[PDB]
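Notes follow the structure.
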Amino acid sequence: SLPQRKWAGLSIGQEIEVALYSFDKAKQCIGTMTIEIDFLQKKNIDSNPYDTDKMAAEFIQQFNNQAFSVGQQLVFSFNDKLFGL
Amino acid sequence: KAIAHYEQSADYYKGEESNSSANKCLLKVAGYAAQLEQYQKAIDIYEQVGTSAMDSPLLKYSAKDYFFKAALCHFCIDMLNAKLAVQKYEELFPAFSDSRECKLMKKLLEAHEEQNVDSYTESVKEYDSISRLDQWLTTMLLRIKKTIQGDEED
Amino acid sequence: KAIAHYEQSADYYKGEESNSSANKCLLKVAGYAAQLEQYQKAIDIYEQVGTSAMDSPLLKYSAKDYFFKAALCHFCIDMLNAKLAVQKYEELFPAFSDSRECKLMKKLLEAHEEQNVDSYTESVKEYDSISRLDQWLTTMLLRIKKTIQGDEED
Amino acid sequence: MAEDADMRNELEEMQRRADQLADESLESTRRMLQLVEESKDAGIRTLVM
Amino acid sequence: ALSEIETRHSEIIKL
């Protein structure tokens, strides 16, 4: 997606080397993770309050079983709304 | 195939000096060839007809919307290509009909460059009232905001 | 038999594809369906032709009136076909002949389904001030005018 | 003297018609903005055809 | 201050 190639620093045309990789789950599984969130697109900004209790729950509802790194850039979908994580 | 048929047919009509249907069959070409993908053959036709149209006393007013269509066709250009033809175009400022030629473009283009997609809707907001919008231009409203969102997200 | 020649001749004019010739004939078919009092067939006829006019920019600004003909042909029909055929017609309702075409009709069946002939017969005068009605229209309007009175008193 | 009076007073609104009736003229000026353009719309396309 | 409004009504509905 757009942010991923903007976090990986890619360019369609560049030749990457993709290789399977596996985690050490009993040392690497996530149990508590903080994220800095903000409106992905600044053209659709609102002042509405948004329930984090429902956003983290929708976060795990969608981003279960996925690989996440420190400093990684991604998008969050709350009611089809793009946020920038 | 049918667009090629209009092309060849218009070629024969140039060979008869009924530029009438040379222009008509080419407008049928470019009106769909534009939204399909092709904005250069489009403006080729729409400049050809507008330039051959300032000639006649019968044709020069149809040339207004023709150079409009010749101006509209963007290859997702954030520049003034529409306003480029305007800086060529014979607006004749006392003639208000070319506000349906550029004043639309005059207002919305600055919006498009300067981070104002939100402002972009307010042009058609009134122009659909002072000119009921058809399929081609409305689909083009969506298409040139595909060029917006291909500058923003797409 | 006259209509058997208008409709049949319209079938011949469409035999050589001339749509507007058949729309001219079919308006004799359906125009005199009001005096022939076949409102159920009139509403069956004015629909496809106005849909053939939304496609045509050459013909659009009478298309609202074409569906108004389909709309107004009531035999005291409270189908929302009368309220939906105008909805089918793609329409910027703050347009400039629609205030005299569509919302007119909604006002008139606002009073018919009110079981009130008072405002039903005030808005008809409100409208004739702004567009003078003719024999066919006025006959159809007073045809539906008897329909409210045929249920309020009895 | 030893007098301080600092005072205030209230306003008389001139009868500016004092009814909504202004609207009807405003409705005419609506319609002249509204009902005029389509003449040109159909005019230019009547001229195209 | 109402006759000019009546003209603003009348001359312009005429218009």
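Identifiers in the structure tokens: chain A, B, ... in order shown; residue index from 1 per chain; ligand index from 1 in order shown.
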
Quiz prompt | Residue list (alpha helix (DSSP H), DSSP) for chain D, as JSON, numbers by chain | solution = {"D": [22, 23, 24, 25, 26, 27, 28, 29, 30, 31, 32, 33, 34, 37, 38, 39, 40, 41, 42, 43, 44, 45, 46, 47, 48]}

With N, CA, C and O atoms retained, write the just-selected residues as a tab-separated table (two decimals), in the first residue's frame.
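In the end it all went to again36.tsv:
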```
chain	number	residue	atom	x	y	z
D	22	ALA	N	-41.61	41.98	2.48
D	22	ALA	CA	-40.39	42.22	1.72
D	22	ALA	C	-40.03	41.01	0.88
D	22	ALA	O	-39.40	41.14	-0.18
D	23	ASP	N	-40.42	39.82	1.34
D	23	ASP	CA	-40.05	38.57	0.68
D	23	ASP	C	-40.56	38.50	-0.76
D	23	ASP	O	-39.84	38.03	-1.64
D	24	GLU	N	-41.76	39.01	-1.03
D	24	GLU	CA	-42.38	38.75	-2.33
D	24	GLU	C	-41.56	39.40	-3.43
D	24	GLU	O	-41.28	38.77	-4.46
D	25	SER	N	-41.19	40.66	-3.24
D	25	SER	CA	-40.20	41.28	-4.11
D	25	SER	C	-38.92	40.47	-4.13
D	25	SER	O	-38.33	40.24	-5.20
D	26	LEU	N	-38.49	39.98	-2.97
D	26	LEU	CA	-37.30	39.15	-2.95
D	26	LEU	C	-37.53	37.85	-3.69
D	26	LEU	O	-36.61	37.34	-4.32
D	27	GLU	N	-38.77	37.35	-3.73
D	27	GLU	CA	-39.07	36.16	-4.51
D	27	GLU	C	-38.99	36.43	-6.00
D	27	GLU	O	-38.54	35.58	-6.78
D	28	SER	N	-39.43	37.61	-6.42
D	28	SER	CA	-39.29	37.97	-7.83
D	28	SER	C	-37.81	38.03	-8.21
D	28	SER	O	-37.42	37.60	-9.30
D	29	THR	N	-36.98	38.54	-7.31
D	29	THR	CA	-35.56	38.63	-7.63
D	29	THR	C	-34.86	37.28	-7.52
D	29	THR	O	-33.92	37.01	-8.29
D	30	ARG	N	-35.44	36.37	-6.75
D	30	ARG	CA	-35.02	34.98	-6.84
D	30	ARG	C	-35.27	34.49	-8.24
D	30	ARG	O	-34.33	34.18	-8.96
D	31	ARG	N	-36.51	34.58	-8.68
D	31	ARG	CA	-36.88	33.98	-9.95
D	31	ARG	C	-36.09	34.58	-11.11
D	31	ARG	O	-35.76	33.87	-12.06
D	32	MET	N	-35.73	35.87	-11.03
D	32	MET	CA	-34.97	36.41	-12.14
D	32	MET	C	-33.52	35.94	-12.09
D	32	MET	O	-32.89	35.83	-13.14
D	33	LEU	N	-32.98	35.64	-10.91
D	33	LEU	CA	-31.76	34.83	-10.92
D	33	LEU	C	-32.02	33.42	-11.41
D	33	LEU	O	-31.20	32.86	-12.14
D	34	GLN	N	-33.16	32.85	-11.06
D	34	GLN	CA	-33.33	31.43	-11.28
D	34	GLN	C	-33.72	31.16	-12.72
D	34	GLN	O	-32.94	30.62	-13.50
D	37	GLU	N	-31.36	31.34	-16.75
D	37	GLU	CA	-30.13	30.87	-17.36
D	37	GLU	C	-30.44	29.83	-18.41
D	37	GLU	O	-29.75	29.74	-19.44
D	38	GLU	N	-31.44	29.00	-18.14
D	38	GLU	CA	-31.72	27.89	-19.02
D	38	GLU	C	-32.11	28.38	-20.40
D	38	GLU	O	-31.95	27.64	-21.38
D	39	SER	N	-32.61	29.60	-20.50
D	39	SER	CA	-32.76	30.22	-21.80
D	39	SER	C	-31.44	30.16	-22.55
D	39	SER	O	-31.39	29.67	-23.68
D	40	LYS	N	-30.35	30.58	-21.91
D	40	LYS	CA	-29.06	30.55	-22.58
D	40	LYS	C	-28.59	29.13	-22.79
D	40	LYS	O	-27.93	28.83	-23.79
D	41	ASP	N	-28.86	28.26	-21.82
D	41	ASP	CA	-28.44	26.87	-21.93
D	41	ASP	C	-28.99	26.24	-23.20
D	41	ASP	O	-28.24	25.86	-24.12
D	42	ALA	N	-30.31	26.24	-23.30
D	42	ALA	CA	-30.95	25.72	-24.48
D	42	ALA	C	-30.67	26.59	-25.68
D	42	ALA	O	-30.77	26.10	-26.80
D	43	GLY	N	-30.27	27.84	-25.48
D	43	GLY	CA	-29.98	28.69	-26.61
D	43	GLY	C	-28.69	28.29	-27.28
D	43	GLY	O	-28.64	28.07	-28.49
D	44	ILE	N	-27.65	28.12	-26.48
D	44	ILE	CA	-26.37	27.73	-27.05
D	44	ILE	C	-26.47	26.35	-27.66
D	44	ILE	O	-25.99	26.13	-28.77
D	45	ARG	N	-27.23	25.43	-27.04
D	45	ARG	CA	-27.32	24.10	-27.64
D	45	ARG	C	-28.33	24.02	-28.77
D	45	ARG	O	-28.16	23.19	-29.69
D	46	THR	N	-29.32	24.90	-28.79
D	46	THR	CA	-30.14	25.06	-29.98
D	46	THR	C	-29.28	25.54	-31.12
D	46	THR	O	-29.43	25.09	-32.26
D	47	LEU	N	-28.34	26.42	-30.83
D	47	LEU	CA	-27.41	26.88	-31.84
D	47	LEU	C	-26.41	25.82	-32.23
D	47	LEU	O	-25.95	25.82	-33.37
D	48	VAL	N	-26.07	24.90	-31.34
D	48	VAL	CA	-25.19	23.80	-31.74
D	48	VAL	C	-25.89	22.90	-32.74
D	48	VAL	O	-25.36	22.58	-33.81
```

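Cα RMSD between chain B and chain C, computed after least-squares fitting of the latter onto the former across all residues in order: 1.6 Å.
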
Practice problem: When you get a sec, could you note down which chain C residues fall within 12 Å of chain D, using only C-alpha atoms, as an MDAnalysis selection string? | Solution: chainID C and resid 56:62 93:100 130

Store the residues picked out above in a file with N, CA and C atoms, as a PDB file, in the first residue's frame.
```
ATOM      1  N   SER C  56     -30.687  12.492 -24.823  1.00  0.00           N
ATOM      2  CA  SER C  56     -30.486  13.505 -25.830  1.00  0.00           C
ATOM      3  C   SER C  56     -30.334  14.864 -25.153  1.00  0.00           C
ATOM      4  N   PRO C  57     -29.189  15.542 -25.273  1.00  0.00           N
ATOM      5  CA  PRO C  57     -29.130  16.937 -24.816  1.00  0.00           C
ATOM      6  C   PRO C  57     -29.928  17.855 -25.704  1.00  0.00           C
ATOM      7  N   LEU C  58     -30.185  17.419 -26.933  1.00  0.00           N
ATOM      8  CA  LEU C  58     -31.000  18.146 -27.886  1.00  0.00           C
ATOM      9  C   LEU C  58     -32.449  18.221 -27.450  1.00  0.00           C
ATOM     10  N   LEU C  59     -32.869  17.351 -26.532  1.00  0.00           N
ATOM     11  CA  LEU C  59     -34.276  17.152 -26.258  1.00  0.00           C
ATOM     12  C   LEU C  59     -34.580  17.225 -24.776  1.00  0.00           C
ATOM     13  N   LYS C  60     -33.575  17.446 -23.936  1.00  0.00           N
ATOM     14  CA  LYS C  60     -33.766  17.229 -22.514  1.00  0.00           C
ATOM     15  C   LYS C  60     -34.765  18.193 -21.914  1.00  0.00           C
ATOM     16  N   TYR C  61     -34.722  19.448 -22.316  1.00  0.00           N
ATOM     17  CA  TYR C  61     -35.505  20.396 -21.552  1.00  0.00           C
ATOM     18  C   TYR C  61     -36.995  20.298 -21.792  1.00  0.00           C
ATOM     19  N   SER C  62     -37.430  19.470 -22.731  1.00  0.00           N
ATOM     20  CA  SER C  62     -38.814  19.043 -22.819  1.00  0.00           C
ATOM     21  C   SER C  62     -39.047  17.696 -22.151  1.00  0.00           C
ATOM     22  N   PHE C  93     -33.618  19.388  -8.787  1.00  0.00           N
ATOM     23  CA  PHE C  93     -34.943  19.903  -8.485  1.00  0.00           C
ATOM     24  C   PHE C  93     -35.007  21.414  -8.221  1.00  0.00           C
ATOM     25  N   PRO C  94     -33.889  22.121  -7.832  1.00  0.00           N
ATOM     26  CA  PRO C  94     -33.903  23.601  -7.899  1.00  0.00           C
ATOM     27  C   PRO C  94     -33.629  24.188  -9.279  1.00  0.00           C
ATOM     28  N   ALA C  95     -33.723  23.362 -10.318  1.00  0.00           N
ATOM     29  CA  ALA C  95     -33.676  23.816 -11.702  1.00  0.00           C
ATOM     30  C   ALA C  95     -34.854  24.742 -11.993  1.00  0.00           C
ATOM     31  N   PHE C  96     -34.912  25.256 -13.220  1.00  0.00           N
ATOM     32  CA  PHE C  96     -35.551  26.512 -13.589  1.00  0.00           C
ATOM     33  C   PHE C  96     -36.875  26.321 -14.310  1.00  0.00           C
ATOM     34  N   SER C  97     -37.071  25.193 -14.984  1.00  0.00           N
ATOM     35  CA  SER C  97     -38.389  24.730 -15.390  1.00  0.00           C
ATOM     36  C   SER C  97     -38.978  23.657 -14.475  1.00  0.00           C
ATOM     37  N   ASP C  98     -38.196  23.089 -13.547  1.00  0.00           N
ATOM     38  CA  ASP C  98     -38.746  22.085 -12.633  1.00  0.00           C
ATOM     39  C   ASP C  98     -39.682  22.677 -11.593  1.00  0.00           C
ATOM     40  N   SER C  99     -39.507  23.940 -11.217  1.00  0.00           N
ATOM     41  CA  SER C  99     -40.480  24.532 -10.309  1.00  0.00           C
ATOM     42  C   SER C  99     -41.849  24.603 -10.960  1.00  0.00           C
ATOM     43  N   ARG C 100     -41.892  24.691 -12.285  1.00  0.00           N
ATOM     44  CA  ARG C 100     -43.139  24.644 -13.023  1.00  0.00           C
ATOM     45  C   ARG C 100     -43.508  23.256 -13.528  1.00  0.00           C
ATOM     46  N   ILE C 130     -48.068  31.736 -14.074  1.00  0.00           N
ATOM     47  CA  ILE C 130     -46.666  31.657 -14.471  1.00  0.00           C
ATOM     48  C   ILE C 130     -46.436  30.838 -15.736  1.00  0.00           C
TER      49      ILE C 130
END
```

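Comparing the minimum interatomic distances between residue 148 in chain B and each of B:86, B:73, B:124, B:109, counting only C-alpha atoms, we find that B:109 sits nearest.
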
Show me, as an mmCIF file with N, CA, C and O atoms, in the first residue's frame, the residues that have an atom within 9 Å of residue 81 in chain A when counting only C-alpha atoms, minus same-chain residues fewer than 5 positions from it.
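After the write, part_6.cif holds the following:
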```cif
data_model
loop_
_atom_site.group_PDB
_atom_site.id
_atom_site.type_symbol
_atom_site.label_atom_id
_atom_site.label_comp_id
_atom_site.auth_asym_id
_atom_site.auth_seq_id
_atom_site.Cartn_x
_atom_site.Cartn_y
_atom_site.Cartn_z
ATOM 1 N N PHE A 39 -4.954 11.680 12.311
ATOM 2 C CA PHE A 39 -5.603 11.681 11.002
ATOM 3 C C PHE A 39 -4.605 11.519 9.866
ATOM 4 O O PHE A 39 -3.693 12.333 9.696
ATOM 5 N N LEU A 40 -4.778 10.426 9.118
ATOM 6 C CA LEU A 40 -3.918 10.128 7.978
ATOM 7 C C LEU A 40 -3.981 11.268 6.970
ATOM 8 O O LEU A 40 -2.959 11.869 6.623
ATOM 9 N N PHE A 76 -5.101 3.024 10.186
ATOM 10 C CA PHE A 76 -6.148 2.467 11.032
ATOM 11 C C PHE A 76 -7.525 2.843 10.510
ATOM 12 O O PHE A 76 -7.787 4.013 10.200
#
```

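What chain B places within 10 Å of chain C, counting only C-alpha atoms, is residues 128, 129, 130, 131, 132, 133, 134 and 135 of chain B.
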
Exercise. Extract, using only C-alpha atoms, all DNA, RNA and protein residues at most 12 Å from residue 54 in chain A, discarding same-chain residues fewer than 6 positions from it, and format them as an NGL selection string.
Key: :A and (60-61 or 77-79)

Within 12 Å of chain B, which residues of chain A show up? Give each one with its shortest atom-to-atom distance in Å (one decimal) and the two atoms involved, counting only C-alpha atoms, rows by chain then rising residue number, as JSON lines.
```
{"residue": "A:1", "atom": "CA", "partner": "B:154", "partner_atom": "CA", "distance": 9.7}
{"residue": "A:2", "atom": "CA", "partner": "B:153", "partner_atom": "CA", "distance": 7.3}
{"residue": "A:3", "atom": "CA", "partner": "B:153", "partner_atom": "CA", "distance": 9.4}
{"residue": "A:6", "atom": "CA", "partner": "B:153", "partner_atom": "CA", "distance": 11.8}
{"residue": "A:40", "atom": "CA", "partner": "B:153", "partner_atom": "CA", "distance": 9.9}
{"residue": "A:41", "atom": "CA", "partner": "B:152", "partner_atom": "CA", "distance": 8.3}
{"residue": "A:42", "atom": "CA", "partner": "B:115", "partner_atom": "CA", "distance": 9.8}
{"residue": "A:43", "atom": "CA", "partner": "B:118", "partner_atom": "CA", "distance": 7.4}
{"residue": "A:44", "atom": "CA", "partner": "B:118", "partner_atom": "CA", "distance": 8.7}
{"residue": "A:45", "atom": "CA", "partner": "B:118", "partner_atom": "CA", "distance": 11.3}
{"residue": "A:82", "atom": "CA", "partner": "B:153", "partner_atom": "CA", "distance": 10.9}
```

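Considering the residues A:69, A:62, A:12, A:80 and counting only C-alpha atoms, residue 35 in chain A has its shortest atom-to-atom contact with A:69.
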
Exercise. Provide the CA of residue 104 in chain C to CA of residue 42 in chain C distance in Å, to one decimal place.
Key: 19.3 Å

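If only C-alpha atoms are the atoms counted, then among B:9, B:20, B:139, B:149 the closest residue to residue 32 in chain B is B:139.
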
Practice problem: Write out as JSON, numbers by chain which residues come within 7 Å of residue 46 in chain C when counting only C-alpha atoms, dropping same-chain ones fewer than 4 positions away. | Solution: {"C": [42, 50, 66, 67, 69, 70]}

Prev. selection, C-alpha atoms, output as a tab-separated table (two decimals), in the first residue's frame:
```
chain	number	residue	atom	x	y	z
C	42	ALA	CA	-51.04	7.58	-21.55
C	50	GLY	CA	-38.69	11.00	-21.97
C	66	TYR	CA	-42.70	14.58	-21.13
C	67	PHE	CA	-42.64	12.94	-17.72
C	69	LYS	CA	-47.41	14.27	-19.14
C	70	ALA	CA	-46.75	10.76	-17.89
```
